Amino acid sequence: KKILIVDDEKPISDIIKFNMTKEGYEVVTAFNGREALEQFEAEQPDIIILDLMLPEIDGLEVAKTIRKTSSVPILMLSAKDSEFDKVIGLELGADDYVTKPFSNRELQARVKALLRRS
């Protein structure tokens, strides 16, 4: 299965790429909202880890534009941890929302649960 990891912080992107690779997933990475939508169209990920704050176009609009054509599972990821943040993420079409910093094992288990469910 293929995960599109969308994070503008290169160290975080690498930690997630590393642990998802260790699980046997194929990883494609995007570092902004524009690259995210392009990789989405050309790679057709099974799941996207999408963080909320991105250059060019924001996580919310990425998720909102994706949902126009696709029900690919989206797991939002963000250092923003307020009720409003999680609610609007999920309302705008995230399936799950996970805060930074995260546990690598919990991340993997939420990716699994989402894939199991689609």
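Basically, rigid core = biggest C-alpha set you can superpose within 1.5 Å across the two forms. Note that residue numbering begins at 1 and tracks the sequence as displayed.
After superposing on the rigid core, the larger RMS C-alpha deviation in 9 other deposited structures of this protein belongs to 44 to 52, the other candidate being whichever of 44 to 52 and 86 to 94 remains. Comparing the deposited coordinates for 53 to 61 and 33 to 41, the stretch with the larger average C-alpha B-factor is 53 to 61. Relative to its counterpart among 7 to 15 and 104 to 112, 7 to 15 has the higher mean temperature factor, C-alpha atoms as listed in the PDB entry. Sort the chain's modelled residues by C-alpha temperature factor and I48 lands in the lowest third, per the entry. Among the modelled residues of its chain, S82 has a C-alpha B-factor that falls in the middle third according to the deposited record. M76: CA B factor lies in the lowest third for its chain, per the PDB record. Among all modelled residues in this chain, the alpha-carbon of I66 has a temperature factor (C-alpha) in the highest third. Ranked against the other modelled residues of its chain, the C-alpha B-factor of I88 as given in the entry falls in the lowest third.
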